[PDB]
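**Q** Provided herewith: final.cif, mmCIF, N, CA and C atoms; chains and numbers go by the auth columns.
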data_upload
#
loop_
_atom_site.group_PDB
_atom_site.id
_atom_site.type_symbol
_atom_site.label_atom_id
_atom_site.label_comp_id
_atom_site.label_asym_id
_atom_site.label_seq_id
_atom_site.Cartn_x
_atom_site.Cartn_y
_atom_site.Cartn_z
_atom_site.B_iso_or_equiv
_atom_site.auth_seq_id
_atom_site.auth_asym_id
ATOM 1 N N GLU A 1 3.333 13.465 -8.493 0.00 1 I
ATOM 2 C CA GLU A 1 3.148 12.064 -8.851 0.00 1 I
ATOM 3 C C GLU A 1 4.427 11.246 -8.737 0.00 1 I
ATOM 4 N N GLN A 2 5.597 11.884 -8.758 0.00 2 I
ATOM 5 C CA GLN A 2 6.848 11.150 -8.585 0.00 2 I
ATOM 6 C C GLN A 2 7.095 10.825 -7.114 0.00 2 I
ATOM 7 N N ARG A 3 7.046 11.840 -6.250 0.00 3 I
ATOM 8 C CA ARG A 3 7.052 11.570 -4.820 0.00 3 I
ATOM 9 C C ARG A 3 5.841 10.738 -4.428 0.00 3 I
ATOM 10 N N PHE A 4 4.738 10.855 -5.175 0.00 4 I
ATOM 11 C CA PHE A 4 3.579 10.000 -4.938 0.00 4 I
ATOM 12 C C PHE A 4 3.875 8.544 -5.272 0.00 4 I
ATOM 13 N N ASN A 5 4.612 8.297 -6.356 0.00 5 I
ATOM 14 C CA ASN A 5 5.041 6.937 -6.656 0.00 5 I
ATOM 15 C C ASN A 5 5.940 6.407 -5.552 0.00 5 I
ATOM 16 N N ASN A 6 6.854 7.248 -5.064 0.00 6 I
ATOM 17 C CA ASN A 6 7.686 6.849 -3.933 0.00 6 I
ATOM 18 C C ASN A 6 6.831 6.516 -2.715 0.00 6 I
ATOM 19 N N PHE A 7 5.798 7.321 -2.463 0.00 7 I
ATOM 20 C CA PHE A 7 4.930 7.088 -1.316 0.00 7 I
ATOM 21 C C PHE A 7 4.127 5.808 -1.485 0.00 7 I
ATOM 22 N N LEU A 8 3.726 5.491 -2.714 0.00 8 I
ATOM 23 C CA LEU A 8 3.078 4.208 -2.963 0.00 8 I
ATOM 24 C C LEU A 8 4.039 3.059 -2.695 0.00 8 I
ATOM 25 N N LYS A 9 5.272 3.176 -3.192 0.00 9 I
ATOM 26 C CA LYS A 9 6.272 2.142 -2.957 0.00 9 I
ATOM 27 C C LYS A 9 6.559 1.975 -1.474 0.00 9 I
ATOM 28 N N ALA A 10 6.366 3.033 -0.691 0.00 10 I
ATOM 29 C CA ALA A 10 6.616 2.948 0.741 0.00 10 I
ATOM 30 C C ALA A 10 5.414 2.386 1.497 0.00 10 I
ATOM 31 N N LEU A 11 4.230 2.970 1.283 0.00 11 I
ATOM 32 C CA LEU A 11 3.116 2.824 2.219 0.00 11 I
ATOM 33 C C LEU A 11 2.673 1.376 2.375 0.00 11 I
ATOM 34 N N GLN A 12 2.576 0.639 1.268 0.00 12 I
ATOM 35 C CA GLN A 12 2.152 -0.755 1.355 0.00 12 I
ATOM 36 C C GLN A 12 3.114 -1.553 2.225 0.00 12 I
ATOM 37 N N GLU A 13 4.414 -1.400 1.973 0.00 13 I
ATOM 38 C CA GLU A 13 5.417 -2.090 2.774 0.00 13 I
ATOM 39 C C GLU A 13 5.361 -1.641 4.226 0.00 13 I
ATOM 40 N N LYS A 14 5.172 -0.341 4.459 0.00 14 I
ATOM 41 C CA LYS A 14 5.165 0.176 5.825 0.00 14 I
ATOM 42 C C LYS A 14 4.001 -0.393 6.626 0.00 14 I
ATOM 43 N N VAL A 15 2.804 -0.424 6.035 0.00 15 I
ATOM 44 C CA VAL A 15 1.658 -0.970 6.754 0.00 15 I
ATOM 45 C C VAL A 15 1.810 -2.474 6.939 0.00 15 I
ATOM 46 N N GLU A 16 2.381 -3.173 5.955 0.00 16 I
ATOM 47 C CA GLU A 16 2.536 -4.613 6.101 0.00 16 I
ATOM 48 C C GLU A 16 3.627 -4.984 7.098 0.00 16 I
ATOM 49 N N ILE A 17 4.620 -4.115 7.301 0.00 17 I
ATOM 50 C CA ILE A 17 5.657 -4.383 8.292 0.00 17 I
ATOM 51 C C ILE A 17 5.066 -4.376 9.695 0.00 17 I
ATOM 52 N N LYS A 18 4.218 -3.397 9.991 0.00 18 I
ATOM 53 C CA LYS A 18 3.568 -3.344 11.297 0.00 18 I
ATOM 54 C C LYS A 18 2.597 -4.511 11.380 0.00 18 I
ATOM 55 N N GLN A 19 2.995 -5.552 12.098 0.00 19 I
ATOM 56 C CA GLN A 19 2.234 -6.792 12.182 0.00 19 I
ATOM 57 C C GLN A 19 1.650 -6.889 13.587 0.00 19 I
ATOM 58 N N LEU A 20 0.470 -6.305 13.766 0.00 20 I
ATOM 59 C CA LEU A 20 -0.225 -6.325 15.043 0.00 20 I
ATOM 60 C C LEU A 20 -1.659 -6.771 14.817 0.00 20 I
ATOM 61 N N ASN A 21 -2.126 -7.695 15.658 0.00 21 I
ATOM 62 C CA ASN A 21 -3.504 -8.161 15.560 0.00 21 I
ATOM 63 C C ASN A 21 -4.488 -7.024 15.801 0.00 21 I
ATOM 64 N N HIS A 22 -4.138 -6.094 16.694 0.00 22 I
ATOM 65 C CA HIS A 22 -4.976 -4.921 16.918 0.00 22 I
ATOM 66 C C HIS A 22 -5.107 -4.081 15.654 0.00 22 I
ATOM 67 N N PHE A 23 -4.065 -4.052 14.823 0.00 23 I
ATOM 68 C CA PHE A 23 -4.010 -3.193 13.645 0.00 23 I
ATOM 69 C C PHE A 23 -3.972 -3.946 12.323 0.00 23 I
ATOM 70 N N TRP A 24 -2.945 -4.773 12.109 0.00 24 I
ATOM 71 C CA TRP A 24 -2.584 -5.165 10.750 0.00 24 I
ATOM 72 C C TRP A 24 -3.703 -5.936 10.070 0.00 24 I
ATOM 73 N N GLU A 25 -4.321 -6.875 10.784 0.00 25 I
ATOM 74 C CA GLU A 25 -5.318 -7.743 10.169 0.00 25 I
ATOM 75 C C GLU A 25 -6.446 -6.925 9.555 0.00 25 I
ATOM 76 N N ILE A 26 -7.141 -6.151 10.388 0.00 26 I
ATOM 77 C CA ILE A 26 -8.292 -5.396 9.913 0.00 26 I
ATOM 78 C C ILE A 26 -7.861 -4.312 8.935 0.00 26 I
ATOM 79 N N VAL A 27 -6.703 -3.688 9.169 0.00 27 I
ATOM 80 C CA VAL A 27 -6.310 -2.588 8.292 0.00 27 I
ATOM 81 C C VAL A 27 -6.020 -3.099 6.886 0.00 27 I
ATOM 82 N N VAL A 28 -5.319 -4.230 6.762 0.00 28 I
ATOM 83 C CA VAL A 28 -5.045 -4.744 5.427 0.00 28 I
ATOM 84 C C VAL A 28 -6.298 -5.364 4.835 0.00 28 I
ATOM 85 N N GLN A 29 -7.204 -5.872 5.673 0.00 29 I
ATOM 86 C CA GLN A 29 -8.488 -6.330 5.162 0.00 29 I
ATOM 87 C C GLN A 29 -9.233 -5.191 4.479 0.00 29 I
ATOM 88 N N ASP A 30 -9.398 -4.076 5.191 0.00 30 I
ATOM 89 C CA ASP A 30 -10.125 -2.938 4.642 0.00 30 I
ATOM 90 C C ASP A 30 -9.374 -2.295 3.484 0.00 30 I
ATOM 91 N N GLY A 31 -8.047 -2.386 3.477 0.00 31 I
ATOM 92 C CA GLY A 31 -7.282 -1.929 2.337 0.00 31 I
ATOM 93 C C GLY A 31 -7.565 -2.759 1.103 0.00 31 I
ATOM 94 N N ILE A 32 -7.314 -4.068 1.186 0.00 32 I
ATOM 95 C CA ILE A 32 -7.466 -4.949 0.031 0.00 32 I
ATOM 96 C C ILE A 32 -8.908 -4.969 -0.466 0.00 32 I
ATOM 97 N N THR A 33 -9.883 -4.730 0.418 0.00 33 I
ATOM 98 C CA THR A 33 -11.260 -4.614 -0.058 0.00 33 I
ATOM 99 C C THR A 33 -11.418 -3.463 -1.044 0.00 33 I
ATOM 100 N N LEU A 34 -10.557 -2.445 -0.955 0.00 34 I
ATOM 101 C CA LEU A 34 -10.648 -1.283 -1.828 0.00 34 I
ATOM 102 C C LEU A 34 -9.270 -0.757 -2.229 0.00 34 I
ATOM 103 N N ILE A 35 -8.260 -1.632 -2.258 0.00 35 I
ATOM 104 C CA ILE A 35 -6.899 -1.212 -2.575 0.00 35 I
ATOM 105 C C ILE A 35 -6.819 -0.751 -4.025 0.00 35 I
ATOM 106 N N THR A 36 -6.013 0.282 -4.266 0.00 36 I
ATOM 107 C CA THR A 36 -5.812 0.813 -5.606 0.00 36 I
ATOM 108 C C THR A 36 -4.536 1.642 -5.628 0.00 36 I
ATOM 109 N N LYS A 37 -3.858 1.621 -6.774 0.00 37 I
ATOM 110 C CA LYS A 37 -2.655 2.410 -6.994 0.00 37 I
ATOM 111 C C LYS A 37 -2.843 3.254 -8.245 0.00 37 I
ATOM 112 N N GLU A 38 -2.538 4.544 -8.143 0.00 38 I
ATOM 113 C CA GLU A 38 -2.678 5.461 -9.267 0.00 38 I
ATOM 114 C C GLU A 38 -1.399 5.471 -10.091 0.00 38 I
ATOM 115 N N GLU A 39 -1.555 5.636 -11.406 0.00 39 I
ATOM 116 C CA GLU A 39 -0.440 5.449 -12.327 0.00 39 I
ATOM 117 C C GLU A 39 0.685 6.437 -12.046 0.00 39 I
ATOM 118 N N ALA A 40 1.911 5.919 -12.017 0.00 40 I
ATOM 119 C CA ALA A 40 3.100 6.731 -11.800 0.00 40 I
ATOM 120 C C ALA A 40 4.309 5.921 -12.240 0.00 40 I
ATOM 121 N N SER A 41 5.142 6.521 -13.093 0.00 41 I
ATOM 122 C CA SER A 41 6.269 5.835 -13.731 0.00 41 I
ATOM 123 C C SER A 41 5.804 4.583 -14.470 0.00 41 I
ATOM 124 N N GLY A 42 4.671 4.696 -15.152 0.00 42 I
ATOM 125 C CA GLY A 42 4.198 3.601 -15.984 0.00 42 I
ATOM 126 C C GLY A 42 3.527 2.524 -15.165 0.00 42 I
ATOM 127 N N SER A 43 3.927 1.277 -15.402 0.00 43 I
ATOM 128 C CA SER A 43 3.307 0.119 -14.776 0.00 43 I
ATOM 129 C C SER A 43 3.947 -0.263 -13.449 0.00 43 I
ATOM 130 N N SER A 44 4.925 0.510 -12.969 0.00 44 I
ATOM 131 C CA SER A 44 5.556 0.197 -11.690 0.00 44 I
ATOM 132 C C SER A 44 4.522 0.145 -10.573 0.00 44 I
ATOM 133 N N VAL A 45 3.720 1.202 -10.442 0.00 45 I
ATOM 134 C CA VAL A 45 2.634 1.195 -9.469 0.00 45 I
ATOM 135 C C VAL A 45 1.629 0.103 -9.805 0.00 45 I
ATOM 136 N N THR A 46 1.502 -0.240 -11.091 0.00 46 I
ATOM 137 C CA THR A 46 0.647 -1.353 -11.482 0.00 46 I
ATOM 138 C C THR A 46 1.154 -2.661 -10.890 0.00 46 I
ATOM 139 N N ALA A 47 2.477 -2.820 -10.802 0.00 47 I
ATOM 140 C CA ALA A 47 3.024 -3.960 -10.079 0.00 47 I
ATOM 141 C C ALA A 47 2.690 -3.882 -8.596 0.00 47 I
ATOM 142 N N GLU A 48 2.627 -2.664 -8.047 0.00 48 I
ATOM 143 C CA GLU A 48 2.324 -2.482 -6.630 0.00 48 I
ATOM 144 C C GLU A 48 1.001 -3.137 -6.258 0.00 48 I
ATOM 145 N N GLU A 49 -0.056 -2.832 -7.009 0.00 49 I
ATOM 146 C CA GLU A 49 -1.355 -3.441 -6.769 0.00 49 I
ATOM 147 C C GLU A 49 -1.410 -4.895 -7.219 0.00 49 I
ATOM 148 N N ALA A 50 -0.420 -5.361 -7.984 0.00 50 I
ATOM 149 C CA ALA A 50 -0.399 -6.753 -8.413 0.00 50 I
ATOM 150 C C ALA A 50 -0.034 -7.708 -7.287 0.00 50 I
ATOM 151 N N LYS A 51 0.497 -7.201 -6.178 0.00 51 I
ATOM 152 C CA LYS A 51 0.918 -8.041 -5.066 0.00 51 I
ATOM 153 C C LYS A 51 0.331 -7.545 -3.746 0.00 51 I
#
Can I see the file as structure tokens?
**A**
Amino acid sequence: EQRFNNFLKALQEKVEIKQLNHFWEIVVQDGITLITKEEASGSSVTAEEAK
């Protein structure tokens, strides 16, 4: 869950950095339709899903 918190802190930024119409639009659409972050280091991951 600690490396998992690190992976949460990474993955959202990593997918949002890749800005391609072929990919980014639909991928973040389908993400935000069901986006979720599992608890790790308290509310830090809670901030992750807050933005």
**Q** Is it possible to get the axis-aligned box enclosing segment 13-23 of chain I (all listed atoms, 3 Å extra per side) as AutoDock Vina command-line options, with centre and edge lengths in Å rounded to one decimal?
**A**
--center_x 0.3 --center_y -4.0 --center_z 9.4 --size_x 16.8 --size_y 14.3 --size_z 20.9
**Q** Which residues of segment 4-29 of chain I sit at most 8 Å from segment 34-42 of chain I, using all atoms listed in the file? Give each one's shortest atom pair and distance in Å (one decimal place), in chain and ascending residue order, as a tab-separated table.
**A**
residue	atom	partner	partner_atom	distance
I:4	C	I:40	CA	6.8
I:5	CA	I:40	CA	5.5
I:6	N	I:40	C	7.7
I:8	CA	I:37	CA	7.2
I:28	C	I:34	N	7.8
I:29	C	I:34	N	6.2
**Q** Suppose you want the space between atom C of residue 27 of chain I and atom C of residue 15 of chain I; what is it in Å?
**A**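 So the two atoms, atom C of residue 27 of chain I and atom C of residue 15 of chain I, lie 7.9 Å apart.
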**Q** What separation in Å, quoted to one decimal, exists between atom CA of residue 44 of chain I and atom CA of residue 20 of chain I?
**A**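 Taking atom CA of residue 44 of chain I as the start and atom CA of residue 20 of chain I as the end point, the length is 28.1 Å.
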**Q** Measure the distance from atom CA of residue 2 of chain I to atom C of residue 47 of chain I in Å and round it to one decimal.
**A**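 Computing it gives 15.6 Å between the two atoms.
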**Q** With all atoms listed in the file as the basis for distance, which of I:25, I:9, I:19, I:31 is at the shortest distance from residue 48 of chain I?
**A**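 Comparing I:25, I:9, I:19, I:31 against residue 48 of chain I, the winner is I:9.
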**Q** Could you pull out the helix (DSSP H, G or I) residues of chain I from DSSP and send them as a VMD selection string?
**A** chain I and resid 2 to 17 24 to 33 44 to 50
**Q** I'd like to know which of I:1, I:22, I:12, I:7 is closest to residue 49 of chain I, using only C-alpha atoms.
**A**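 For residue 49 of chain I, the nearest of the given residues is I:12.
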**Q** Take segment 24-47 of chain I from the preceding structure and save N, CA, C and O atoms as a PDB file, in the first residue's frame.
**A**
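The resulting file, selection.pdb, is reproduced below:
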ATOM      1  N   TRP I  24      -5.727  10.372 -24.890  1.00  0.00           N
ATOM      2  CA  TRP I  24      -5.956  11.017 -23.601  1.00  0.00           C
ATOM      3  C   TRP I  24      -7.430  11.300 -23.367  1.00  0.00           C
ATOM      4  O   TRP I  24      -7.943  11.064 -22.268  1.00  0.00           O
ATOM      5  N   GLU I  25      -8.126  11.806 -24.384  1.00  0.00           N
ATOM      6  CA  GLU I  25      -9.511  12.222 -24.205  1.00  0.00           C
ATOM      7  C   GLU I  25     -10.364  11.068 -23.695  1.00  0.00           C
ATOM      8  O   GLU I  25     -10.931  11.128 -22.597  1.00  0.00           O
ATOM      9  N   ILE I  26     -10.433   9.991 -24.476  1.00  0.00           N
ATOM     10  CA  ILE I  26     -11.290   8.869 -24.118  1.00  0.00           C
ATOM     11  C   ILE I  26     -10.780   8.180 -22.860  1.00  0.00           C
ATOM     12  O   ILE I  26     -11.573   7.717 -22.032  1.00  0.00           O
ATOM     13  N   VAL I  27      -9.457   8.090 -22.693  1.00  0.00           N
ATOM     14  CA  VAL I  27      -8.944   7.361 -21.536  1.00  0.00           C
ATOM     15  C   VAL I  27      -9.294   8.087 -20.243  1.00  0.00           C
ATOM     16  O   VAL I  27      -9.735   7.463 -19.272  1.00  0.00           O
ATOM     17  N   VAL I  28      -9.151   9.415 -20.212  1.00  0.00           N
ATOM     18  CA  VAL I  28      -9.496  10.131 -18.992  1.00  0.00           C
ATOM     19  C   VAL I  28     -11.004  10.212 -18.838  1.00  0.00           C
ATOM     20  O   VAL I  28     -11.512  10.260 -17.714  1.00  0.00           O
ATOM     21  N   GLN I  29     -11.750  10.196 -19.944  1.00  0.00           N
ATOM     22  CA  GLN I  29     -13.200  10.110 -19.840  1.00  0.00           C
ATOM     23  C   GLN I  29     -13.613   8.838 -19.112  1.00  0.00           C
ATOM     24  O   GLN I  29     -14.332   8.884 -18.105  1.00  0.00           O
ATOM     25  N   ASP I  30     -13.122   7.693 -19.587  1.00  0.00           N
ATOM     26  CA  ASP I  30     -13.481   6.417 -18.983  1.00  0.00           C
ATOM     27  C   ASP I  30     -12.913   6.279 -17.577  1.00  0.00           C
ATOM     28  O   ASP I  30     -13.495   5.577 -16.742  1.00  0.00           O
ATOM     29  N   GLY I  31     -11.786   6.929 -17.297  1.00  0.00           N
ATOM     30  CA  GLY I  31     -11.272   6.962 -15.945  1.00  0.00           C
ATOM     31  C   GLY I  31     -12.196   7.712 -15.010  1.00  0.00           C
ATOM     32  O   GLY I  31     -12.698   7.138 -14.042  1.00  0.00           O
ATOM     33  N   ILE I  32     -12.455   8.987 -15.314  1.00  0.00           N
ATOM     34  CA  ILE I  32     -13.262   9.831 -14.437  1.00  0.00           C
ATOM     35  C   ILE I  32     -14.677   9.283 -14.287  1.00  0.00           C
ATOM     36  O   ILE I  32     -15.322   9.497 -13.253  1.00  0.00           O
ATOM     37  N   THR I  33     -15.184   8.561 -15.293  1.00  0.00           N
ATOM     38  CA  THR I  33     -16.484   7.917 -15.120  1.00  0.00           C
ATOM     39  C   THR I  33     -16.466   6.916 -13.971  1.00  0.00           C
ATOM     40  O   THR I  33     -17.513   6.636 -13.375  1.00  0.00           O
ATOM     41  N   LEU I  34     -15.295   6.361 -13.648  1.00  0.00           N
ATOM     42  CA  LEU I  34     -15.181   5.368 -12.589  1.00  0.00           C
ATOM     43  C   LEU I  34     -13.888   5.526 -11.790  1.00  0.00           C
ATOM     44  O   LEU I  34     -13.398   4.558 -11.198  1.00  0.00           O
ATOM     45  N   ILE I  35     -13.348   6.747 -11.726  1.00  0.00           N
ATOM     46  CA  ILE I  35     -12.086   6.984 -11.033  1.00  0.00           C
ATOM     47  C   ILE I  35     -12.259   6.752  -9.537  1.00  0.00           C
ATOM     48  O   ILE I  35     -13.312   7.053  -8.957  1.00  0.00           O
ATOM     49  N   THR I  36     -11.226   6.195  -8.908  1.00  0.00           N
ATOM     50  CA  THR I  36     -11.234   5.941  -7.476  1.00  0.00           C
ATOM     51  C   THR I  36      -9.804   5.744  -6.995  1.00  0.00           C
ATOM     52  O   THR I  36      -8.953   5.229  -7.725  1.00  0.00           O
ATOM     53  N   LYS I  37      -9.551   6.170  -5.759  1.00  0.00           N
ATOM     54  CA  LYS I  37      -8.256   5.999  -5.115  1.00  0.00           C
ATOM     55  C   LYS I  37      -8.460   5.288  -3.786  1.00  0.00           C
ATOM     56  O   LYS I  37      -9.321   5.685  -2.995  1.00  0.00           O
ATOM     57  N   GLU I  38      -7.668   4.249  -3.539  1.00  0.00           N
ATOM     58  CA  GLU I  38      -7.764   3.480  -2.305  1.00  0.00           C
ATOM     59  C   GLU I  38      -6.878   4.103  -1.235  1.00  0.00           C
ATOM     60  O   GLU I  38      -5.807   4.638  -1.535  1.00  0.00           O
ATOM     61  N   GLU I  39      -7.333   4.023   0.016  1.00  0.00           N
ATOM     62  CA  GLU I  39      -6.695   4.762   1.099  1.00  0.00           C
ATOM     63  C   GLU I  39      -5.248   4.327   1.293  1.00  0.00           C
ATOM     64  O   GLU I  39      -4.939   3.132   1.328  1.00  0.00           O
ATOM     65  N   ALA I  40      -4.365   5.314   1.425  1.00  0.00           N
ATOM     66  CA  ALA I  40      -2.948   5.071   1.656  1.00  0.00           C
ATOM     67  C   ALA I  40      -2.327   6.360   2.169  1.00  0.00           C
ATOM     68  O   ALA I  40      -2.492   7.416   1.550  1.00  0.00           O
ATOM     69  N   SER I  41      -1.614   6.265   3.293  1.00  0.00           N
ATOM     70  CA  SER I  41      -1.075   7.428   4.003  1.00  0.00           C
ATOM     71  C   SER I  41      -2.178   8.429   4.335  1.00  0.00           C
ATOM     72  O   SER I  41      -2.006   9.644   4.211  1.00  0.00           O
ATOM     73  N   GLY I  42      -3.325   7.912   4.757  1.00  0.00           N
ATOM     74  CA  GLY I  42      -4.403   8.779   5.211  1.00  0.00           C
ATOM     75  C   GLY I  42      -5.166   9.376   4.053  1.00  0.00           C
ATOM     76  O   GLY I  42      -5.574   8.668   3.127  1.00  0.00           O
ATOM     77  N   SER I  43      -5.364  10.691   4.100  1.00  0.00           N
ATOM     78  CA  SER I  43      -6.171  11.402   3.119  1.00  0.00           C
ATOM     79  C   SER I  43      -5.371  11.883   1.917  1.00  0.00           C
ATOM     80  O   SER I  43      -5.936  12.566   1.055  1.00  0.00           O
ATOM     81  N   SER I  44      -4.078  11.558   1.842  1.00  0.00           N
ATOM     82  CA  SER I  44      -3.274  11.978   0.698  1.00  0.00           C
ATOM     83  C   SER I  44      -3.876  11.469  -0.605  1.00  0.00           C
ATOM     84  O   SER I  44      -4.136  12.248  -1.529  1.00  0.00           O
ATOM     85  N   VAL I  45      -4.135  10.162  -0.681  1.00  0.00           N
ATOM     86  CA  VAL I  45      -4.807   9.605  -1.849  1.00  0.00           C
ATOM     87  C   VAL I  45      -6.205  10.190  -1.985  1.00  0.00           C
ATOM     88  O   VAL I  45      -6.737  10.300  -3.096  1.00  0.00           O
ATOM     89  N   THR I  46      -6.821  10.575  -0.863  1.00  0.00           N
ATOM     90  CA  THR I  46      -8.112  11.249  -0.918  1.00  0.00           C
ATOM     91  C   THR I  46      -7.998  12.580  -1.649  1.00  0.00           C
ATOM     92  O   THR I  46      -8.921  12.985  -2.367  1.00  0.00           O
ATOM     93  N   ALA I  47      -6.874  13.279  -1.474  1.00  0.00           N
ATOM     94  CA  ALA I  47      -6.623  14.464  -2.284  1.00  0.00           C
ATOM     95  C   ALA I  47      -6.455  14.099  -3.752  1.00  0.00           C
ATOM     96  O   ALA I  47      -6.855  14.869  -4.635  1.00  0.00           O
TER      97      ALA I  47
END
